[PDB]
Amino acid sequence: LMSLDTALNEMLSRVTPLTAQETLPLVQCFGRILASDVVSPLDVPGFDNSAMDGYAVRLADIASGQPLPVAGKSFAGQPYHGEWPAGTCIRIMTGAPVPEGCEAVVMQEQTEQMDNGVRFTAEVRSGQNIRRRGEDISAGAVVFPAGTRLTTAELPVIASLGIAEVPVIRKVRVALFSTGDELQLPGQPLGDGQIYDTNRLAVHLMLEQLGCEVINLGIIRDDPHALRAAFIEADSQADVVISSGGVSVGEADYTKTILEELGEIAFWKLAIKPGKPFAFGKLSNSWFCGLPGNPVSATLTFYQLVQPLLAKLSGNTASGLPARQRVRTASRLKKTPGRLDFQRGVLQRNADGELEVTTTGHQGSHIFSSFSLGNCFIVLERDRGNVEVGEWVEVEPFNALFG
């Protein structure tokens, strides 16, 4: 019944971005959120310089319509600090500081030389080919705003300004655990109607990849006290606590009563597929997210619900989810109205070089293979029914969490 958009907004609207911070050397800043604006301490370039290599001139002598002889020259880091006779021009090479009083620079290709004077050609519009100091970055200016996720794109720029460290928001801390007597650890023998715990591993990997500090409390035994203990501990050192499975997401049982006892938890029924149930609310000092037991369902719910909440909490101003794009289906897709279906597909280039999607196969949640075989989500609109080969469809490519 409830819609993804609704739950998402309801979730993000209640959360307050972290503000605690620490200062680290650039090399340790990948994926981190800048705590404050980065203001440039210097100008870049620090002085007016040549856009092309050619000739530095004064709009005056260009009226002579006669050859201008090179009085001097200015290169890389060897400016021309000398007298500039009238009617003459300076030989200059890109990045080189324009000469005192230079009104324009001309690319030699736009000026046939001579063995006695430089003949110009196309009029020389003022300021042509002159990069003015602070044109790129002017001292005092804001280079990168707070809330920016530092990447290979920004850190080297910050280093170019001479800064060795920057304040970043502390990593988000997340407590993780599962519960259920039927859950067994890898390496351990499978009991009667037992199964190996897999959701927890899934959530742990994603959290780490998302840059969070993970606190894995393991499998909690089916006991009212063990569970309460687990929650008290999780809430005490994490901003968010996640149940990868076992704790109630609606159904009645002791886990449900412990949840209601320890916080304000809502039990939503999202109109999505796979999945539907999701637990969300506030514990004493953390946010709680409860995932359904089904592997496909938990992964999907975490990826579309928890991920965005972690992005906001982190201080990051960009919506930490990939963008969608319209593409054509090359597979008939089975879809039932009433739920927003996040099917898995395979985005690929066709013969004509265009992008099309193929289903990964069976979309049932009884298997996990679709995540490996696919590379995207074919997000089918809630109201839509079956889709025929050739129809337009929305696609959301997987991010680094899946390859």
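Heads up: residue numbers just count along the shown sequence, starting at 1.
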Taking the deposited Cα B-factors and averaging over 212-220 and over 266-274, the higher mean is found in 266-274
For the higher mean C-alpha B factor in the entry, choose 339-347 or 55-63.
55-63
Hey, out of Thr179, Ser314, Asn129, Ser160, whose CA B-factor is highest in the deposited coordinates?
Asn129
Per the PDB entry, which option out of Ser370, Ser50, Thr359, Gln28 has the greatest Cα B factor?
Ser50
Would you check the entry's CA temperature factor for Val203 and let me know if it's in the chain's lowest, middle or highest third?
lowest
Looking at the C-alpha B-factor of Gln194, is it in the lowest, middle or highest third of its chain?
highest
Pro145 CA temperature factor, ranked by third within the chain
middle
Split the chain's modelled residues into thirds by Cα B-factor; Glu388 lands in the middle
Could you place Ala35 in the lowest, middle or highest third of its chain by Cα temperature factor, using the values in the record?
middle
